[PDB]
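Okay, here we've got a single chain as structure tokens, the form solved without ligand ACO, with questions on binding and movement later.
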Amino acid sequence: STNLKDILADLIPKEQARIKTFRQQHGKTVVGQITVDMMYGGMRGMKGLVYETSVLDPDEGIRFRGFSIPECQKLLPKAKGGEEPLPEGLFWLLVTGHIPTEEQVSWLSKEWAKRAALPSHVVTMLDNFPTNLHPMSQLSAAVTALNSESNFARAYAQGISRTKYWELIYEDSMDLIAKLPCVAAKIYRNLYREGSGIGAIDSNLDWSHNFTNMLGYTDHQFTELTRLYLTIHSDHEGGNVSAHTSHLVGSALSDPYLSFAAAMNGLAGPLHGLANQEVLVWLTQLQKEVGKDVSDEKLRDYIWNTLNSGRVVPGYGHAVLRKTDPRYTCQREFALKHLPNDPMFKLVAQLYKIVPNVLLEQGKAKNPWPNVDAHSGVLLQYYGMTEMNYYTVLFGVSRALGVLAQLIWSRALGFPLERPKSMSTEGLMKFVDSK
């Protein structure tokens, strides 16, 4: 009814049988070809993994168990008196395939509050990290050190049945998600508030609100933002580096602490976890140059000069998505309600009005619309979350929801060790010459 674990236990068999049947008829069906270029190009365009939780729709954007972002915005429970969807309900959705009721979200909020405690060795470790150790490094180190709490690792060493892997993975995943905001806020306070305390978990608050309290914020609108943010960054298919890394590491039966810590090292990569920061750096320098009251014409000129010097507008352009990323639109709506007169937001809006028509006219980038990263920085910054190094940590806490939801399923469905075949250049040359 409200126990997610029991609901999950009923869903799993039906899903194993469905996959069994599908593999009997279509197991040998060809879905793609592998070319030399694909091996050298980082498996680009190669369908290589099954990842259940989310799928990118070319017309609507990312879908969470079939539900578009606007549908999630509407149907997922909100906090009492709030308007943004709670991350709890997103997790329930990714895990079950079903929109949770109020009671179910409320139950999950209490679970994550109860399981929040950090062992003292992780507290000590975080408290002794120096201020030059990047926040993502601290996050991944702390999560790795949390694996001493892993009930999966202990049960595996005692010879537990394969049919039960998902249960321990579920437990550890729930513990980890509960603990993450505590780790993340400890890092924030140690780095940017001179080591002051995170205060206590409140057992009747939702996950985002306990998170904002521990960060030291007291602004209802910031909490609403954080709920929306944690919800919308939660998952984006299996192929991105953080999802794929958690999947790959998890396929060796490394526990969730270890899989999520590996994923964060992937997320810390500049080609994955920095786009928010890059947009914001660019916006800041833009506004310092041309001033807040820049005209449409002058901004349109600046954008033409940016393009004509062979540079891109950060946050604009997608290869498959045919409209504005609905994750951008969510943020835009939020900003129009709560900070419409913020000079930086007004620049972001002005660019939405101008950049796509300029990109359409240049005829170069296929879909000239913005993605989530074009909007997120100005919102964080407006509420005083100005430490750009830390933004990737927020992304990380959100992304836990999606990759741990799938990890439970990967173990429930018995996904094996991920082991593609490598070749050397020499080997591939021989291989193509025979034939």
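In this text, rigid core is short for the largest set of C-alphas that superpose within 1.5 Å between two forms. The first residue of the shown sequence is 1; numbering continues from there.
Omitted here: the form solved in complex with ligand ACO. The next part is about that form.
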### Task
Consider the chain as shown here, without its partner, and state which of 336, 312, 253, 125 has a heavy atom within 4.5 Å of ligand ACO in the bound PDB entry.
312
### Task
Name the residue from 344, 299, 307, 113 that puts a heavy atom within 4.5 Å of ligand ACO in the bound PDB entry.
307
### Task
Tell me whether 318, 359 and 366, taken together, all sit within 4.5 Å of ligand ACO in the bound PDB entry, counting heavy atoms only.
yes
## Note on the structure
With a 4.5 Å heavy atom cut-off to ligand ACO in the bound PDB entry, the contacting stretch among 266-274, 134-142, 287-295, 67-75 is 266-274
### Message
Can you tell me if residue 278 lies within 4.5 angstroms of ligand ACO in the bound PDB entry, counting non-hydrogen atoms only?
### Response
yes
### Task
Mark residue 371 yes when one of its heavy atoms lies within 4.5 Å of a heavy atom of ligand ACO in the bound PDB entry, and no otherwise.
yes
#### Entry: Answer among 238, 77, 317, 82 for the CA shift between this form and the one not shown that reaches 2 Å or more, rigid core superposed
317
### Message
Given a superposition on the rigid core, I'd like a yes or no on whether residue 262 shifts its C-alpha by 2 Å or more between this form and the one not shown.
### Response
no
### Flag for residue 114, CA shift 2 Å or larger between this form and the one not shown after aligning core
no
### Query
If we fit on the core, is the Cα of residue 128 displaced 2 Å or more between this form and the one not shown?
no
